[PDB]
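Q: The file below is entry_8.pdb, PDB, C-alpha atoms:
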```
ATOM      1  CA  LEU A   1       2.217  35.453  -3.690  1.00  0.00           C
ATOM      2  CA  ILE A   2       0.420  38.819  -3.684  1.00  0.00           C
ATOM      3  CA  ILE A   3       0.904  41.359  -0.883  1.00  0.00           C
ATOM      4  CA  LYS A   4      -1.610  44.197  -0.578  1.00  0.00           C
ATOM      5  CA  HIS A   5      -0.541  47.359   1.237  1.00  0.00           C
ATOM      6  CA  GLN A   6      -2.570  50.505   1.849  1.00  0.00           C
ATOM      7  CA  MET A   7      -0.634  53.771   1.863  1.00  0.00           C
ATOM      8  CA  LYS A   8      -1.306  57.503   2.124  1.00  0.00           C
ATOM      9  CA  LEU A   9       0.278  59.755  -0.498  1.00  0.00           C
ATOM     10  CA  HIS A  10       0.167  63.488  -1.146  1.00  0.00           C
ATOM     11  CA  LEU A  11      -0.685  64.844  -4.592  1.00  0.00           C
ATOM     12  CA  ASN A  12       2.884  64.725  -5.909  1.00  0.00           C
ATOM     13  CA  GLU A  13       3.446  61.211  -4.573  1.00  0.00           C
ATOM     14  CA  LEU A  14       0.040  60.113  -5.866  1.00  0.00           C
ATOM     15  CA  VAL A  15       0.769  61.447  -9.357  1.00  0.00           C
ATOM     16  CA  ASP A  16       4.206  59.824  -9.408  1.00  0.00           C
ATOM     17  CA  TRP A  17       2.783  56.490  -8.248  1.00  0.00           C
ATOM     18  CA  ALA A  18      -0.138  56.576 -10.686  1.00  0.00           C
ATOM     19  CA  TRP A  19       2.058  57.377 -13.677  1.00  0.00           C
ATOM     20  CA  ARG A  20       4.629  54.796 -12.564  1.00  0.00           C
ATOM     21  CA  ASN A  21       2.016  52.028 -12.199  1.00  0.00           C
ATOM     22  CA  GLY A  22      -0.171  52.877 -15.187  1.00  0.00           C
ATOM     23  CA  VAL A  23      -3.772  53.835 -14.427  1.00  0.00           C
ATOM     24  CA  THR A  24      -6.103  54.421 -17.358  1.00  0.00           C
ATOM     25  CA  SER A  25      -9.233  56.056 -15.949  1.00  0.00           C
ATOM     26  CA  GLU A  26     -10.184  56.405 -12.284  1.00  0.00           C
ATOM     27  CA  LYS A  27     -10.788  59.058  -9.622  1.00  0.00           C
ATOM     28  CA  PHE A  28      -8.769  59.372  -6.409  1.00  0.00           C
ATOM     29  CA  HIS A  29     -10.301  61.069  -3.374  1.00  0.00           C
ATOM     30  CA  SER A  30      -8.667  62.635  -0.321  1.00  0.00           C
ATOM     31  CA  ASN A  31      -9.558  63.394   3.287  1.00  0.00           C
ATOM     32  CA  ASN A  32     -10.782  66.966   2.809  1.00  0.00           C
ATOM     33  CA  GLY A  33     -13.103  66.088  -0.080  1.00  0.00           C
ATOM     34  CA  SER A  34     -10.590  67.099  -2.745  1.00  0.00           C
ATOM     35  CA  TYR A  35     -10.262  64.738  -5.692  1.00  0.00           C
ATOM     36  CA  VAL A  36      -8.134  64.154  -8.775  1.00  0.00           C
ATOM     37  CA  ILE A  37      -9.223  62.347 -11.945  1.00  0.00           C
ATOM     38  CA  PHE A  38      -7.061  60.348 -14.326  1.00  0.00           C
ATOM     39  CA  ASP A  39      -8.581  59.653 -17.741  1.00  0.00           C
ATOM     40  CA  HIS A  40      -6.491  57.763 -20.300  1.00  0.00           C
ATOM     41  CA  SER A  41      -3.514  58.322 -17.977  1.00  0.00           C
ATOM     42  CA  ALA A  42      -4.007  62.098 -18.042  1.00  0.00           C
ATOM     43  CA  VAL A  43      -4.854  64.408 -15.150  1.00  0.00           C
ATOM     44  CA  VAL A  44      -8.115  65.838 -16.466  1.00  0.00           C
ATOM     45  CA  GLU A  45      -9.568  67.406 -13.322  1.00  0.00           C
ATOM     46  CA  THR A  46      -8.453  68.436  -9.842  1.00  0.00           C
ATOM     47  CA  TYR A  47     -10.745  69.949  -7.206  1.00  0.00           C
ATOM     48  CA  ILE A  48      -9.184  72.222  -4.555  1.00  0.00           C
ATOM     49  CA  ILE A  49      -6.321  69.929  -3.498  1.00  0.00           C
ATOM     50  CA  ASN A  50      -4.544  71.734  -0.685  1.00  0.00           C
ATOM     51  CA  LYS A  51      -1.235  70.595   0.749  1.00  0.00           C
ATOM     52  CA  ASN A  52      -1.078  67.955   3.512  1.00  0.00           C
ATOM     53  CA  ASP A  53      -3.954  66.149   1.777  1.00  0.00           C
ATOM     54  CA  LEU A  54      -3.626  62.372   2.013  1.00  0.00           C
ATOM     55  CA  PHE A  55      -4.938  60.179  -0.799  1.00  0.00           C
ATOM     56  CA  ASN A  56      -5.352  56.571   0.314  1.00  0.00           C
ATOM     57  CA  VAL A  57      -4.153  54.112  -2.328  1.00  0.00           C
ATOM     58  CA  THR A  58      -3.928  50.321  -2.206  1.00  0.00           C
ATOM     59  CA  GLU A  59      -0.873  48.764  -3.858  1.00  0.00           C
ATOM     60  CA  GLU A  60      -0.285  45.175  -4.980  1.00  0.00           C
ATOM     61  CA  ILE A  61       3.259  43.779  -4.858  1.00  0.00           C
ATOM     62  CA  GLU A  62       4.126  40.360  -6.262  1.00  0.00           C
ATOM     63  CA  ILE A  63       6.555  38.536  -3.960  1.00  0.00           C
ATOM     64  CA  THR A  64       8.680  35.691  -5.306  1.00  0.00           C
ATOM     65  CA  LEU A  65      12.076  34.262  -4.393  1.00  0.00           C
ATOM     66  CA  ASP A  66      13.447  35.126  -7.840  1.00  0.00           C
ATOM     67  CA  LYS A  67      12.023  38.651  -8.011  1.00  0.00           C
ATOM     68  CA  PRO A  68      14.094  41.295  -6.184  1.00  0.00           C
ATOM     69  CA  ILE A  69      12.638  43.086  -3.165  1.00  0.00           C
ATOM     70  CA  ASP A  70      12.954  46.821  -2.548  1.00  0.00           C
ATOM     71  CA  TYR A  71      13.596  46.606   1.205  1.00  0.00           C
ATOM     72  CA  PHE A  72      13.337  43.539   3.410  1.00  0.00           C
ATOM     73  CA  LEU A  73      14.493  42.411   6.846  1.00  0.00           C
ATOM     74  CA  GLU A  74      15.924  39.009   7.762  1.00  0.00           C
ATOM     75  CA  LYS A  75      16.224  37.303  11.148  1.00  0.00           C
ATOM     76  CA  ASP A  76      18.542  34.357  11.767  1.00  0.00           C
ATOM     77  CA  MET A  77      18.091  31.526  14.245  1.00  0.00           C
ATOM     78  CA  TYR A  78      20.388  33.032  16.878  1.00  0.00           C
ATOM     79  CA  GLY A  79      18.593  36.381  16.909  1.00  0.00           C
ATOM     80  CA  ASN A  80      20.571  38.712  14.664  1.00  0.00           C
ATOM     81  CA  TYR A  81      18.435  41.055  12.556  1.00  0.00           C
ATOM     82  CA  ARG A  82      19.664  42.553   9.286  1.00  0.00           C
ATOM     83  CA  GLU A  83      18.173  44.601   6.462  1.00  0.00           C
ATOM     84  CA  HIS A  84      18.754  44.317   2.718  1.00  0.00           C
ATOM     85  CA  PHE A  85      17.888  46.511  -0.266  1.00  0.00           C
ATOM     86  CA  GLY A  86      17.318  45.515  -3.878  1.00  0.00           C
ATOM     87  CA  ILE A  87      18.209  41.838  -3.433  1.00  0.00           C
ATOM     88  CA  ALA A  88      16.124  38.774  -4.247  1.00  0.00           C
ATOM     89  CA  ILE A  89      15.412  36.354  -1.411  1.00  0.00           C
ATOM     90  CA  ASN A  90      17.261  33.555  -3.213  1.00  0.00           C
ATOM     91  CA  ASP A  91      20.244  35.888  -3.633  1.00  0.00           C
ATOM     92  CA  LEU A  92      21.082  35.897   0.100  1.00  0.00           C
ATOM     93  CA  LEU A  93      24.409  34.199   0.747  1.00  0.00           C
ATOM     94  CA  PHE A  94      23.289  32.636   4.050  1.00  0.00           C
ATOM     95  CA  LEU A  95      19.806  31.197   3.677  1.00  0.00           C
ATOM     96  CA  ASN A  96      20.808  28.185   5.778  1.00  0.00           C
ATOM     97  CA  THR A  97      20.376  30.062   9.071  1.00  0.00           C
ATOM     98  CA  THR A  98      17.776  32.602   7.888  1.00  0.00           C
ATOM     99  CA  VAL A  99      14.621  31.869   9.866  1.00  0.00           C
ATOM    100  CA  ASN A 100      12.310  34.781   9.082  1.00  0.00           C
ATOM    101  CA  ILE A 101      12.024  37.452   6.398  1.00  0.00           C
ATOM    102  CA  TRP A 102       9.648  40.428   6.579  1.00  0.00           C
ATOM    103  CA  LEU A 103       9.120  43.150   3.982  1.00  0.00           C
ATOM    104  CA  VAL A 104       9.686  46.701   5.227  1.00  0.00           C
ATOM    105  CA  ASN A 105       6.843  48.665   3.732  1.00  0.00           C
ATOM    106  CA  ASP A 106       8.185  52.262   3.698  1.00  0.00           C
ATOM    107  CA  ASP A 107       5.650  53.021   6.440  1.00  0.00           C
ATOM    108  CA  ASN A 108       7.940  51.184   8.908  1.00  0.00           C
ATOM    109  CA  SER A 109       5.309  48.419   8.859  1.00  0.00           C
ATOM    110  CA  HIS A 110       6.360  44.776   8.636  1.00  0.00           C
ATOM    111  CA  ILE A 111       4.737  42.022   6.564  1.00  0.00           C
ATOM    112  CA  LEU A 112       5.875  38.424   6.954  1.00  0.00           C
ATOM    113  CA  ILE A 113       6.760  36.746   3.667  1.00  0.00           C
ATOM    114  CA  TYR A 114       9.285  34.035   4.571  1.00  0.00           C
ATOM    115  CA  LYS A 115       8.984  31.605   7.484  1.00  0.00           C
ATOM    116  CA  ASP A 116      11.204  28.589   8.201  1.00  0.00           C
ATOM    117  CA  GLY A 117      12.564  27.759   4.774  1.00  0.00           C
ATOM    118  CA  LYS A 118       9.387  28.494   2.797  1.00  0.00           C
ATOM    119  CA  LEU A 119       7.332  31.402   1.553  1.00  0.00           C
ATOM    120  CA  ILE A 120       4.572  32.364   3.959  1.00  0.00           C
ATOM    121  CA  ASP A 121       1.838  31.001   1.692  1.00  0.00           C
ATOM    122  CA  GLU A 122       3.484  27.573   1.501  1.00  0.00           C
ATOM    123  CA  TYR A 123       3.889  27.327   5.279  1.00  0.00           C
ATOM    124  CA  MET A 124       0.911  25.674   6.941  1.00  0.00           C
ATOM    125  CA  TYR A 125       1.050  26.828  10.605  1.00  0.00           C
ATOM    126  CA  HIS A 126       0.039  23.646  12.395  1.00  0.00           C
ATOM    127  CA  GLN A 127      -2.190  24.150  15.420  1.00  0.00           C
ATOM    128  CA  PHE A 128      -2.027  22.126  18.638  1.00  0.00           C
ATOM    129  CA  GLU A 129      -4.227  19.282  19.854  1.00  0.00           C
ATOM    130  CA  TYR A 130      -3.757  16.251  22.065  1.00  0.00           C
ATOM    131  CA  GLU A 131      -3.798  13.084  19.971  1.00  0.00           C
ATOM    132  CA  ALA A 132      -6.866  10.910  20.577  1.00  0.00           C
ATOM    133  CA  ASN A 133      -9.671   9.277  18.628  1.00  0.00           C
ATOM    134  CA  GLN A 134     -13.391   9.607  19.276  1.00  0.00           C
ATOM    135  CA  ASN A 135     -14.528   8.784  22.795  1.00  0.00           C
ATOM    136  CA  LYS A 136     -17.451   6.650  21.552  1.00  0.00           C
ATOM    137  CA  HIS A 137     -18.291   5.824  25.171  1.00  0.00           C
ATOM    138  CA  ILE A 138     -21.689   5.642  26.860  1.00  0.00           C
ATOM    139  CA  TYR A 139     -21.831   7.724  30.035  1.00  0.00           C
ATOM    140  CA  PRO A 140     -24.406   7.696  32.845  1.00  0.00           C
ATOM    141  CA  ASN A 141     -26.935  10.527  32.835  1.00  0.00           C
ATOM    142  CA  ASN A 142     -27.816  12.823  35.748  1.00  0.00           C
ATOM    143  CA  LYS A 143     -31.465  13.741  35.176  1.00  0.00           C
TER     144      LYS A 143
ATOM    145  CA  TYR B 112      47.489  58.965  88.881  1.00  0.00           C
ATOM    146  CA  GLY B 113      48.871  55.826  87.278  1.00  0.00           C
ATOM    147  CA  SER B 114      50.560  55.386  83.931  1.00  0.00           C
ATOM    148  CA  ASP B 115      47.638  56.543  81.773  1.00  0.00           C
ATOM    149  CA  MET B 116      48.419  60.147  82.726  1.00  0.00           C
ATOM    150  CA  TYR B 117      51.393  60.107  80.358  1.00  0.00           C
ATOM    151  CA  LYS B 118      48.991  59.663  77.435  1.00  0.00           C
ATOM    152  CA  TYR B 119      47.426  63.027  78.272  1.00  0.00           C
ATOM    153  CA  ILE B 120      50.806  64.640  78.956  1.00  0.00           C
ATOM    154  CA  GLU B 121      51.912  64.282  75.317  1.00  0.00           C
ATOM    155  CA  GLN B 122      48.913  64.521  72.997  1.00  0.00           C
ATOM    156  CA  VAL B 123      48.386  60.965  71.762  1.00  0.00           C
ATOM    157  CA  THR B 124      45.839  60.131  69.060  1.00  0.00           C
ATOM    158  CA  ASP B 125      45.014  56.461  68.502  1.00  0.00           C
ATOM    159  CA  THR B 126      43.441  55.860  65.096  1.00  0.00           C
ATOM    160  CA  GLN B 127      42.040  52.589  63.767  1.00  0.00           C
ATOM    161  CA  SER B 128      40.223  51.510  60.625  1.00  0.00           C
ATOM    162  CA  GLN B 129      38.882  48.458  58.834  1.00  0.00           C
ATOM    163  CA  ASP B 130      37.667  48.156  55.238  1.00  0.00           C
ATOM    164  CA  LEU B 131      35.907  44.951  54.190  1.00  0.00           C
ATOM    165  CA  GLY B 132      35.173  44.683  50.481  1.00  0.00           C
ATOM    166  CA  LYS B 133      33.231  42.223  48.352  1.00  0.00           C
ATOM    167  CA  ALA B 134      32.794  42.135  44.590  1.00  0.00           C
ATOM    168  CA  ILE B 135      31.250  39.632  42.179  1.00  0.00           C
ATOM    169  CA  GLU B 136      31.391  40.165  38.413  1.00  0.00           C
ATOM    170  CA  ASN B 137      29.537  37.910  35.977  1.00  0.00           C
ATOM    171  CA  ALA B 138      30.116  38.172  32.225  1.00  0.00           C
ATOM    172  CA  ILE B 139      28.376  36.184  29.482  1.00  0.00           C
ATOM    173  CA  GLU B 140      29.642  36.425  25.902  1.00  0.00           C
ATOM    174  CA  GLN B 141      28.068  34.865  22.809  1.00  0.00           C
ATOM    175  CA  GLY B 142      29.344  35.004  19.247  1.00  0.00           C
ATOM    176  CA  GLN B 143      28.241  33.801  15.816  1.00  0.00           C
ATOM    177  CA  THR B 144      30.180  33.659  12.552  1.00  0.00           C
ATOM    178  CA  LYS B 145      29.059  32.925   8.995  1.00  0.00           C
ATOM    179  CA  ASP B 146      31.400  32.606   6.012  1.00  0.00           C
ATOM    180  CA  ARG B 147      30.835  31.861   2.335  1.00  0.00           C
ATOM    181  CA  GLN B 148      33.483  31.311  -0.337  1.00  0.00           C
ATOM    182  CA  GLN B 149      32.846  30.914  -4.068  1.00  0.00           C
ATOM    183  CA  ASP B 150      35.683  30.386  -6.544  1.00  0.00           C
ATOM    184  CA  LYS B 151      36.043  29.857 -10.285  1.00  0.00           C
ATOM    185  CA  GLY B 152      38.997  28.501 -12.234  1.00  0.00           C
ATOM    186  CA  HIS B 153      39.793  28.161 -15.923  1.00  0.00           C
ATOM    187  CA  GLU B 154      43.072  27.361 -17.673  1.00  0.00           C
ATOM    188  CA  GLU B 155      43.843  26.527 -21.304  1.00  0.00           C
ATOM    189  CA  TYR B 156      47.091  25.664 -23.071  1.00  0.00           C
ATOM    190  CA  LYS B 157      48.637  24.808 -26.439  1.00  0.00           C
ATOM    191  CA  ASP B 158      51.895  23.066 -27.369  1.00  0.00           C
ATOM    192  CA  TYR B 159      53.791  22.236 -30.558  1.00  0.00           C
ATOM    193  CA  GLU B 160      57.040  20.306 -30.916  1.00  0.00           C
ATOM    194  CA  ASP B 161      58.515  19.108 -34.218  1.00  0.00           C
ATOM    195  CA  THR B 162      61.347  16.564 -34.319  1.00  0.00           C
ATOM    196  CA  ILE B 163      63.331  15.842 -37.496  1.00  0.00           C
ATOM    197  CA  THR B 164      65.929  13.061 -37.477  1.00  0.00           C
ATOM    198  CA  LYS B 165      68.616  11.869 -39.889  1.00  0.00           C
ATOM    199  CA  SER B 166      70.535   8.595 -39.666  1.00  0.00           C
TER     200      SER B 166
END
```
Output the file's structure in the form of structure tokens.
A:
Amino acid sequence: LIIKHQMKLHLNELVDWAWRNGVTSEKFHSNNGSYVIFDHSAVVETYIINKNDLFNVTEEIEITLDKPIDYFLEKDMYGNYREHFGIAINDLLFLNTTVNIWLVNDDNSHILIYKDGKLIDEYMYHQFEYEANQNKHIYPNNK
Amino acid sequence: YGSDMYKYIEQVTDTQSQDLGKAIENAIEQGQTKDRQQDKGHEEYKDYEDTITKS
């Protein structure tokens, strides 16, 4: 399961993120036309990067019951909502009554990952339709 | 004339009242509880007894 999240980071946050999740050679742009360049994981060039400049960066997070999650939110069957930090989904003591689990994305956004005993990719989300076969009936025509 | 005059002779004040109250209180309480216990035990032992007899 791969979750893609787009975020907006200032220069300091962008540098920290890029060095934390290794980037070899690529250029990041900002709103005001300012850009920064990483080449072999080194900040070669910056072009007039004022403060309050937001660099938009997409981030890929692998979600798995064994792998711990930074910050997620769980909802039981009755209605109680709770939040957990740094705990794998399988680690929860009470998964019997856990109905939903979202991932809090540091932007206060919410991404569903766990729905009714399964990861969101495994769940199939059945639609609705009345049960019936083909009509296969000849009708009179009005012409 | 008549008896009613005495009421005016000595200042008489008749006071009445009536309070009629109604009150309905409805309370709904719901509660959920979840417990989980996990225990581990382990015990080990050793014994030695030597008996020597003469007859």
Q: Using 10 Å as the limit and counting all atoms listed in the file, can you tabulate each residue of chain B that touches chain A, with its shortest atom-to-atom distance in Å and the two atoms involved, as JSON lines?
A:
```
{"residue": "B:141", "atom": "CA", "partner": "A:78", "partner_atom": "CA", "distance": 9.9}
{"residue": "B:142", "atom": "CA", "partner": "A:78", "partner_atom": "CA", "distance": 9.5}
{"residue": "B:143", "atom": "CA", "partner": "A:78", "partner_atom": "CA", "distance": 8.0}
{"residue": "B:145", "atom": "CA", "partner": "A:94", "partner_atom": "CA", "distance": 7.6}
{"residue": "B:146", "atom": "CA", "partner": "A:94", "partner_atom": "CA", "distance": 8.3}
{"residue": "B:147", "atom": "CA", "partner": "A:93", "partner_atom": "CA", "distance": 7.0}
{"residue": "B:148", "atom": "CA", "partner": "A:93", "partner_atom": "CA", "distance": 9.6}
```
Q: I want to know what sits within 12 Å of residue A:117, based on all atoms listed in the file, with residues of the same chain fewer than 4 positions away left out; could you give that as a PyMOL selection string?
A: chain A and resi 65+76-77+89-90+94-101+113+121-123
Q: Enumerate, as a PyMOL selection string, the residues matched when the PyMOL selection byres ((chain A and resi 19-25) around 7) is run on the file above.
A: chain A and resi 15-18+26+38-41
Q: Please list, as an MDAnalysis selection string, the residues that have an atom at most 7 Å away from (-8.4, 63.2, 6.8) in the coordinates of this file, counting only C-alpha atoms.
A: chainID A and resid 31:32 54
Q: Report, in Å to a single decimal, how far apart atom CA of residue A:36 and atom CA of residue A:8 are.
A: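 That distance, rounded to one decimal, is 14.5 Å.
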Q: In terms of the shortest atom-to-atom distance over all atoms listed in the file, which of A:71, A:132, A:29, A:127 is closest to residue A:111?
A: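 Result for the nearest residue to residue A:111: A:71.
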Q: Scan for residues within 7 Å of the point (-2.0, 46.5, -1.3) in the coordinates of the file, using all atoms listed in the file, and reply as JSON, numbers by chain.
A: {"A": [3, 4, 5, 6, 58, 59, 60, 61]}
Q: Could you take the residues named above and write them with C-alpha atoms, as an mmCIF file, in the coordinates of the input?
A:
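See part.cif below for the written result:
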```
data_model
loop_
_atom_site.group_PDB
_atom_site.id
_atom_site.type_symbol
_atom_site.label_atom_id
_atom_site.label_comp_id
_atom_site.auth_asym_id
_atom_site.auth_seq_id
_atom_site.Cartn_x
_atom_site.Cartn_y
_atom_site.Cartn_z
ATOM 1 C CA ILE A 3 0.904 41.359 -0.883
ATOM 2 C CA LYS A 4 -1.610 44.197 -0.578
ATOM 3 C CA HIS A 5 -0.541 47.359 1.237
ATOM 4 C CA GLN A 6 -2.570 50.505 1.849
ATOM 5 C CA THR A 58 -3.928 50.321 -2.206
ATOM 6 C CA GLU A 59 -0.873 48.764 -3.858
ATOM 7 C CA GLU A 60 -0.285 45.175 -4.980
ATOM 8 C CA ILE A 61 3.259 43.779 -4.858
#
```
Q: Hey, can you check how far atom CA of residue A:87 sits from atom CA of residue A:68?
A: 5.0 Å
Q: Atom CA of residue A:9 and atom CA of residue A:57, how far apart in Å?
A: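 A separation of 7.4 Å between them.
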Q: Could you name the residues that touch residue A:103 at 9 Å or less, counting all atoms listed in the file, but leaving out those on the same chain fewer than 3 positions away, as number ranges by chain?
A: A: 69-74, 109-113
Q: The PyMOL selection byres ((chain A and resi 53) around 7) on the file shown: which residues, as a PyMOL selection string?
A: chain A and resi 10+30-32+49-52+54-55
Q: As JSON, what would the box around stretch 99-106 of chain A look like: edges along x, y and z, 4 Å added on every side, centre and edge lengths in Å to one decimal?
A:
```
{"center_x": 10.7, "center_y": 42.1, "center_z": 6.8, "size_x": 15.8, "size_y": 28.4, "size_z": 14.2}
```
